[PDB]
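>>> my complex, first installment, coordinates as in the assembly:
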Amino acid sequence: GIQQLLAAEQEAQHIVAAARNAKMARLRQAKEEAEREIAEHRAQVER
Amino acid sequence: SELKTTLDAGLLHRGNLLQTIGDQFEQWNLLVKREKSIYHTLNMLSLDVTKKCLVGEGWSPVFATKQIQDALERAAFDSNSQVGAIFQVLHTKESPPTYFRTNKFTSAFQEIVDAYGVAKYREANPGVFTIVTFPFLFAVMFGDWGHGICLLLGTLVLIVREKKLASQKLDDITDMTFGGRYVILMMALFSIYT
Amino acid sequence: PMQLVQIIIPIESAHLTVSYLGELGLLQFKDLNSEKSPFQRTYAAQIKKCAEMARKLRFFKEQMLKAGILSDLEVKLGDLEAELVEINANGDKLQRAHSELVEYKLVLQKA
Amino acid sequence: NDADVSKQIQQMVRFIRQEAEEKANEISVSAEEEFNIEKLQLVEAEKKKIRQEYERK
């Protein structure tokens, strides 16, 4: 009952915590990802 | 004269608006009563964010709980919610207050008898015997078969006019007397027999 | 022979469930959350807003009764009360202007 | 049991689906797109400087 209902709640809370962590990662990974793309554009111009 | 005419027109418009405003407020009174009841339930009963629902426990008649909880769950389901309300039972060592079901005529005698107190959920109810015992004893103190007829006739008019009486208000003593019309009639019949 | 009943009414239909229960009425309300006062509590802040709306509606009804009237909803009632108050104020101002002009007319006629 | 165990799972299912699948998924996805646009703008400034650089050369 109450314990059974608590299992669903903690699970939803964990999913939201994962979503929060993932958001920070998407922004951070992006800064490295297109820094190389900018260099590739510079290379295309150099060629 | 122009200012008086303008004031009269404004007052007439205000009265015309208030004619429908009062009609709306008639139902708004019941709406506010329902809102106050919901507010009292919210402030008195807690809720679980984890359950995302209002939860709690309270006393309810078993016969009533046989259908009332199911009806509430069905209404909640019909309210377009993802799931209806629960109907689970609860147990505790505390003894909840309870009241025996009151009939249309037995209500007055039951209320008169209950002025001494209450009992357990299904404990002794002296009202059952006293509903006739009090007429069976008060008759002796006023036994005269020329006045009991008058008392019954006076009670009879109250019973007949009950349809209009239930709507129109009356004096506080008159209202208290009209509240026990059936009991008065029974006592008058017993007095006539006595 | 009553007994305890424990249930959960989802927030998606908590108000609807409460209204349906109050249509007939079977179980008395509990008192667990009452210790938190009208200050927030479970929904006492919402209860506070509902009480303010009810007070506005009561003021409107009292004004209508004083006017001899015959007896989103809260917002509409407040708007109607404001309109009636404005109409009454306009009528009072016009009556005062009429009284002042009548007094001036009487004084000028006597002069 | 019976109605109780039925309602308990139903409320739990609603909690898991709405609070997490419907909302948590949206939180991660919406933030990612906003971040993707933010990085692209940061890259554009470097590209403009590089474009200004090739023209100067």
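Nice, I can see it. Residues are numbered from 1 along each chain as shown, chains lettered A, B, ... in the order given.

>>> so which helix or strand takes in the closest residue to residue C:54 other than its chain neighbours?
Leaving aside its sequence neighbours, residue C:54 sits nearest to residue B:32 (CB to CB, 6 or more residues apart in numbering or on different chains; 4.5 Å). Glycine gets a C-beta too; all of them are placed from N, C-alpha and C. According to DSSP states H and E, residue B:32 maps onto helix B:2-44.

>>> Can you pull the residues of chain A lying near chain D?
Within chain A, the positions near chain D by CB under 8 Å from any CB of the partner chain are A:1, A:4-5, A:7-9, A:11-12, A:15-16, A:18-20, A:22-23, A:26-27, A:30-31, A:33-35, A:37-38, A:41-42, A:45-46.

>>> Looking at those, which are in helices?
With DSSP state H as the criterion, helices contain A:4-5, A:7-9, A:11-12, A:15-16, A:18-20, A:22-23, A:26-27, A:30-31, A:33-35, A:37-38, A:41-42, A:45-46 from among the residues of chain A next to chain D.

>>> Buried ones only from the residues you listed, please, as a ChimeraX command.
Command for ChimeraX that selects the buried part of those, burial taken from 16 or more other CB atoms under 10 Å in any protein chain shown:
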select /A:5,8,9,12,15,19,23,26,30,34,38,42
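
>>> Can you narrow the ones in helices among the residues of chain A next to chain D down to the ones near chain B?
Counting by CB under 8 Å from any CB, the members of these near chain B are A:5, A:8, A:9.

>>> What I need now is these written out in CSV, including distance to residue B:148 for each item.
Listed next are those as CSV, based on distance: CB to CB, whole Å:
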residue, distance to residue B:148
A:5, 66
A:8, 71
A:9, 70
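
>>> helices and strands around the helix holding residue B:32, which ones?
On a contact count with 3 or more CB pairs under 8 Å, 6 or more residues apart in numbering or on different chains; DSSP states H and E, helix B:2-44 meets helix C:14-24, helix C:44-66, helix C:73-110.

>>> what angle separates that helix from helix C:73-110?
160 degrees (axes from the mean of the first three to the mean of the last three CA atoms, to 10 degrees).

>>> Report the distance from helix B:2-44 to the chain centre.
Distance of helix B:2-44 from its chain centroid, counting by CA atoms, centre = their mean, to the nearest Å, is 26 Å.

>>> Another chain to add, chain E:
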Amino acid sequence: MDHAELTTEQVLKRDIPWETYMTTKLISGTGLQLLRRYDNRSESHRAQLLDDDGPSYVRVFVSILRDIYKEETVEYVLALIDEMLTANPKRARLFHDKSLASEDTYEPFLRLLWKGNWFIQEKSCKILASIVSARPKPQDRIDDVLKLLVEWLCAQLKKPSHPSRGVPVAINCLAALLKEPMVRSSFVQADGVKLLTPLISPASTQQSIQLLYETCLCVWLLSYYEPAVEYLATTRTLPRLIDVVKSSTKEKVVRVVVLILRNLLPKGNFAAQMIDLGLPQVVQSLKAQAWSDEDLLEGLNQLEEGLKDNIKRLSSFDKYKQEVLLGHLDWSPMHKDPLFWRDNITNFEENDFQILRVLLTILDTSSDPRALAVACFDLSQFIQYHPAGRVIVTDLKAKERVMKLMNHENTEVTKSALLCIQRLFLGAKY
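Time to bring in chain E:
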């Protein structure tokens, strides 16, 4: 999702014996055998037949699709390609051949908008469309992208046949593509945004919530791309979506509506929303009804706080400074408007309209002859509004300047001067 499953069921239930069709000539034999082998690929998984998870079964399916015009075979095949692509159990090798070579992704564009419009979407639609555009960026085998948008418009026209599927597939594909800004531009060309806006504005029930999310997830994508946002700003029901948000029971739906609204706030846009649509009052009610995450409620309050910041910008104090500190009097939209003067009367009072007295001195002596004409306009408005000010203006040197202006050339200066005289005059005698 549930919408995709209902379609995907209709196709995989009905069986199609390719080999018989081939013998009758509608395809050559290699194709029918190849499609039968693709169905056996799930069975071989069990038997460890690494060849079932092949890519080499792919080639005939590509061939078969373009050549055939018989809807039954290409639909049954498309479903089986679709199911394979996303699965990690089976049809891993499948995804490789497509991804390496843009030629299959051009063959996919011929397959797109082919067969029954309902049949093609149920079989695959968004499942393989997105990746094909990624594999071939042009996706013109974007004239082909425009043809795909026309096919989406045709699916929208048949909203009744598959609302919980055909519309859902289009919404999911648009959201998946809108992740890339160029693919969002393709979505901007595609129509049906207004239909989603009408669906967003009014919710039938939980059933509306099923695509509710997607329709406005696209609105979040539209917030990302300004061009789609301009079309959305023109599109109606944006205000209606806010009105539903006021009546929305679900906290998440209101929070989702706020995000888009949060991103679209501008000095102009805040003005339209506040004046006409009465956004702040609904926003104040939403702020009062805090629900779910406090941060989500705080974001709504921050959006309201941002609108209030726009309101300060809207109430610019530059006009008062331009008249005195700059010393240049030009007509502008609020100096020919009565409302501004009504709020400016009180600000002047510092020693009997001391700012107005300095302005009256500026009217009496001004660096520019042109300024005197607009100055007379400005004075007139305050005096009409303030009867006591009008009598003071006649006493003030501004009336002396008006008398000189009355005895002066230039029609516009004389008009304004005459209006100034009359303003003082109405008040002197009652």
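
>>> Chain E added, so what about what packs on helix B:2-44 now?
Against helix B:2-44 (3+ CB pairs under 8 Å, 6+ apart) you get helix C:14-24, helix C:44-66, helix C:73-110.

>>> and the helix or strand that comes right after that helix, is it in reach of chain D?
Using DSSP H and E, the helix or strand that follows helix B:2-44 in sequence is strand B:47-48. No - counting by CB under 8 Å from any CB, chain D has no neighbours in strand B:47-48; the shortest distance is 9.3 Å.

>>> ok so, going back, adding mean neighbour count, write the helices and strands packed on helix B:2-44 out as TSV.
Below are these laid out as TSV (neighbours: other CB atoms under 10 Å in any protein chain shown):
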stretch	mean neighbour count
helix C:14-24	19
helix C:44-66	18
helix C:73-110	14
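
>>> so which of these gets nearest chain E?
helix C:44-66 (6.6 Å; CB to the nearest CB).

>>> That closest one packs against which elements?
Partner elements for helix C:44-66 (3+ CB pairs under 8 Å, 6+ apart): helix B:2-44, helix C:73-110.

>>> 10 Å instead?
Contacts defined by 3 or more CB pairs under 10 Å, 6 or more residues apart in numbering or on different chains; DSSP states H and E place helix C:44-66 against helix B:2-44, helix C:73-110, helix E:279-288.

>>> Can you name the residues of chain B that neighbour chain E?
B:49, B:52, B:79, B:80, B:81, B:82 (CB under 10 Å from any CB of the partner chain).

>>> again, only using 6 Å
residue B:80 (CB under 6 Å from any CB of the partner chain).

>>> now swap in chain D and tell me
D:23, D:30, D:33, D:37.

>>> ok, the third one - contacts?
Think residue D:33. residue E:224 (CB atoms under 6 Å, 6 or more residues apart in numbering or on different chains).

>>> Wasn't it part of a helix?
Yes - counting by DSSP: H, G, I helix; E, B strand; the rest coil, residue D:33 is found in a helix.

>>> So out of everything in chain D, what residue is nearest chain C?
Counting by CB to the nearest CB, chain D gets nearest chain C through residue D:11, at 6.1 Å.

>>> Give the helix, strand or coil label for the residue lying closest to that residue once chain neighbours are set aside.
Computed as CB to CB, 6+ apart, the closest residue to residue D:11 that is not its neighbour in sequence is residue B:51, at 5.6 Å. Following three-state DSSP, the label given to residue B:51 is coil.
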